[PDB]
Structures are given as C-alpha cells and as structure tokens.
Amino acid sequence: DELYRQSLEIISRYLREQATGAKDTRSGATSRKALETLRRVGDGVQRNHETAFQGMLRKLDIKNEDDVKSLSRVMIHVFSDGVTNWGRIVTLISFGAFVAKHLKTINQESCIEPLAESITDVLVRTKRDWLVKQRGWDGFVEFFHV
C-alpha cells in the first residue's frame, strides 16, 4: 500500500539516521518534507522525554533479535488506548529512534529494520483511518511547523 510504503520509508530513514549514519536517498517530496519535520521535532522529543524513554527501554529488556519481534505487542496495547493526536505519533517514532540507538549499543544493528517495520505496523494498523482524515504525512508537516 502507498500509505504503508510512505510511512515505512519515513520511519526507517529516521531510525537509520539516528542509530547509524544517513543518508542514501529515492521517494517523493512529501516523504522528504516529513523526514525533515521528524528530524527537527524528534531531536527535541528524545531530549524532553529522555527519562521516560530510558525507563520504558529498561522495561522492554532488549538484548537479542527475539526481543524486538515481541516489542510490537507492548506498543499496540499502549498506542491503541486513549486519544489520537500528532504529539503521540511523533513520540512513538522518537521512542523508536531511541530504541534504534540502544540496538546499535547492544551490537544488534540488523534489528533496526524489523523495529522500523514494527513501529510502522503499530502506527498504520491502529491509526490508518485517522491518518487518511488528516491528509497523512502532509498534515504531519503542517501540524509541526512551529
């Protein structure tokens, strides 16, 4: 699907840029604009939620490939319950970037791509309809202008 591929490209490229060293660009203007937006906001979110992010990472206890494949079950239970807003969407991806950083530390680089797939699957399978209503990643750029 077009929306899934767009979301997978934005989240993967951001997770790779944070955990490793980007970028080898590819996609359209909206994906390029959304990556820039998420780069600006994501830096601030990872700093402001640093303590929460560290505590949540400690709970998941990731050390092997099996642990990242199980993360999806915890993420869908938290992200589904409650209100849906752009703030919660960026913080979920920003947490993913923080997990991707930890994955580079524990020498599990090959798990960043399935982690990016996991977050995209959590975001799309839970909020696809809300995303279509907000004009997808175009609404994401418009909401995070300031």
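Heads up: residue numbers just count along the shown sequence, starting at 1. Between two forms, the rigid core is defined as the largest C-alpha subset superposing within 1.5 Å.
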So, in 6 other deposited structures of this protein, taking the root mean square over structures and residues of the Cα distances after a rigid core fit: is 13 to 21 or 129 to 137 the more displaced stretch?
13 to 21
With the rigid core as the fit anchor, does 28 to 36 or 91 to 99 show bigger C-alpha shifts in 6 other deposited structures of this protein?
28 to 36
Using what the record says, work out whether there is a hole in the model between residue 25 and residue 26 and how many deposited residues it spans (none, 1 to 3, 4 to 9, 10 or more).
4 to 9
Regarding 61 to 69 and 101 to 109, which shows the higher C-alpha temperature factor on average in the entry?
61 to 69
Could you check which stretch, 73 to 81 or 114 to 122, carries the larger mean CA temperature factor in the entry?
73 to 81
C-alpha B-factor winner, where the candidates are 35, 52, 29, 90
29
